C-alpha cells in the first residue's frame, strides 16, 4: 500500500453480513467476500487528479509468502469453462465489467496476469471513481487458489507504467459470502 502524490486509495460500499448479498466488504479485516462472477464496485479516491494517460491495474497475488511466488490463475476446471465476455482470456481471474477499453496483460518476466483500465476522474456529483470487478474462480478450487487466501493489488500508474500509487485488499470468492464474513469476522 502507498498513497502517492495523488492520495490514491480504495473505497467500498458497506453492504452488511446479511444474506442474499453476493458481495460484501469487511472494513476490520479489510477483506472482501463475494460470489463468483458477481460485480464488486470498488472505489478509487484521489486528493489530486493523476496526469492524462494514467492507468489502473488490478493484479491478484497470494497472501501467504509461502505461495507468494506462484501466479494466481483460474483452476483447470474454470479454465475450460465457456463463460467469457469476449475480452478476458480464459485463464484470468480478475475481469473488469462496464469499461469498454480494458486491457488484459501477462508480464513477460513474472507471468502474472492483470487487468488495466484508463483512470477516469469522478463523474460530476461523485467524490470517487468506480470500477466494477469480478472474480471467476472460487478461493476453494482445487488446481486453483485451493483454499489459499489472495490479495488484490490495485495500482495507479502513469501512461508509461511508472507506479503512481498502490493499495490492496484481501479477497475471498465463495458461494456463502455473508456467512463467511461474520463467521470470520473475529
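Residue numbers count along the first chain shown, from 1.
The deposited model assigns a higher average Cα B-factor to 173-181 than to the other stretch when 173-181 and 7-15 are compared.
Averaged over their C-alpha atoms, the temperature factors of 152-160 and 135-143 are higher for 135-143.
Considering 40, 117, 46, 29 together, the PDB entry gives 29 the largest C-alpha B factor. The entry lists a Cα temperature factor for residue 112 that places it in the lowest third of the chain's modelled residues.
Annotation for residue 66: C-alpha temperature factor in the highest third relative to the rest of the modelled chain, per the entry. In the PDB entry, residue 58 places in the lowest third of its chain by CA B-factor.
In the deposited entry, the Cα temperature factor of residue 106 places it in the lowest third of its chain's modelled residues.
In the PDB entry, a CA B factor belonging to the highest third of its chain's modelled residues is recorded for residue 77.
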